[PDB]
């Protein structure tokens, strides 16, 4: 895996003062043996906290170790929407290589806490011990468009919320994890993982 994540340069850039401070948590699965790991499909969940009724429009990048194999939905999507987006009537997961892009929209702030997105990933049979398969959530911008996490009306409040989400709600090169697994994998910019231990 690589660090596709970018620096949040929108304004405001500092989200600490935000009324809504959303945190995205990504599954961290650990196996004791290569044995139990190989061929297992892990449900990886992208779960949001502290934003019930506080967001509408969403869009962010997910990536994962190249050695994992995503199992698509019935319709070929790499991610399936979860309970948090059940009242957001627009949702889309666009496939993106060893990753997916996921985006939300709603007719009011009907964003909920809970699982935003589910991604089914599968481990190699060449599993090995101590292997660590990082799963990243990442912010990406350019002049044509950028990632989002705002309210129905992109209020001042909305943009502070968004700044939090990306700078502090998730992990990046500039808010690194200290997870013993993401360290052992120089993927401190990553957010969750599938892992196995040494002997």
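Residue numbers count along the first chain shown, from 1.
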Seminar exercise, completed: Stretch with higher mean Cα temperature factor, 94-102 vs 72-80, is 72-80
Seminar exercise, completed: When mean C-alpha B-factors in the record are compared for 158-166 and 55-63, the larger belongs to 158-166
Problem set entry | Residue, from 151, 131, 136, 147, that the PDB entry assigns the highest Cα B-factor | 131
Exercise. Relative to the other modelled residues in the chain, which third contains the C-alpha temperature factor of residue 176: lowest, middle or highest?
Worked result: middle
For this session: Using the B-factors in the PDB entry, rank residue 46's C-alpha atom against the chain and give the third, lowest, middle or highest.
Result: lowest
For this session: Select lowest, middle or highest to describe the third in which the CA B-factor of residue 109 falls within its chain in this entry.
Result: middle
Seminar exercise, completed: Quick tally, chain-level thirds of C-alpha B-factors: residue 199 sits in the highest
Exercise. Thinking about Cα B factors across the chain, which third does residue 18 belong to?
Worked result: middle
